[PDB]
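Both blocks below hold the same protein chain, though in two forms, and each is given as structure tokens: structure 1 and structure 2.
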Structure 1
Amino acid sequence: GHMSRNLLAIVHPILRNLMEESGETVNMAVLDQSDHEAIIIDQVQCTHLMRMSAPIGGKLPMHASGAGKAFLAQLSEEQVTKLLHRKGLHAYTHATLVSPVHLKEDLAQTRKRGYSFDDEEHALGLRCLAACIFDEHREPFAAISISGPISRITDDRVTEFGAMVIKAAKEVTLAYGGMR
């Protein structure tokens, strides 16, 4: 399953409402079946002077972004062992997870809490929270992320932000389910 012009049309106001609720830029991405990077297909930017402003069609790293890790978290142990064996783990920053054990631990916690969290792993001062959108085969065919600076996505708000992105991704999975 996937999107879809009428689906993107449903998705867009969900993204709009999420920007307004979170105060940050929101992205929707799909997965590149390899390199397992997430490609941005839609976005609603916030109006803060400083903000996340990746371009539409921009690609986020597999192991090192909210959207990338959200997708990656849905794969089996052996699937991820094979992808890490193949692609390696480019260090964007000193926080990037470059150890398989550390990455796999973070993926485990991502499944548990319902959102991925990029904590300055792609770029210094940048945080993102993401959740996958699922089809009828429980395949993640898209992910929404909320992306913004550490000065606003503060530690005391991470859980709250995670809740917001869960709810947005859920609304899209439901919307897809409805249109069928």
Structure 2
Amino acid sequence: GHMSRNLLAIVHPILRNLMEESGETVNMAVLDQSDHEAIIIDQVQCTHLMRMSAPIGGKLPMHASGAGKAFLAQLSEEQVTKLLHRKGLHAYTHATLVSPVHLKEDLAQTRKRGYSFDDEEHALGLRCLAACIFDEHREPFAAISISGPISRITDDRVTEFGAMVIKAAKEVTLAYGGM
């Protein structure tokens, strides 16, 4: 499935809603199946002075980011192993899953859990939760995420945050099909 500008306008209402509810910046990122890259293509920023603010068109690391890992957690260990050298498991922070053992392990927990979770892996003090968007062939082509500072995305809101992003992704996957 591809991301048409038309579809974005239809779904925008979902990103705005998740923003108000979570109180954090919301992003929509598309999966580049040719280059294996998570590209931000939409965003609704929260109003807090201190917040996450990525540039539209910005890329996200596949192994150390909400959207990245929410995608990576869809590919086989062989595929993953490919991107290990294909892309690169760069070390953004001491928490970054630089070792494929742990990574693949977290990737596993992601599918189980439903939503990815970057805990200060992409940047110090940043938390992120993402959940894939599905086309017709049940293929994940997009990912919706909530990213904010740990000071506000507290440990006891993680699950409540992970649920919000499921409810919003589901709402996009369905509203998508048949329009």
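For residue numbers, the reference is structure 1: its sequence is counted from 1. Superpose the two forms; the largest set of C-alphas matching within 1.5 Å is the rigid core.
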After superposing the rigid core, is the C-alpha displacement of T47 2 Å or more between the two structures?
no
Please check if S34 moves between the two structures, taking a CA shift of 2 Å or more relative to the superposed core as movement.
yes
How about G88 - superposed on the rigid core, does its CA move between the two structures by 2 Å or more?
yes
For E77, what C-alpha shift in Å results between the two structures following superposition on the rigid core?
1.7
If you line up the core, how far does the Cα of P149 move between the two structures, in Å?
0.1
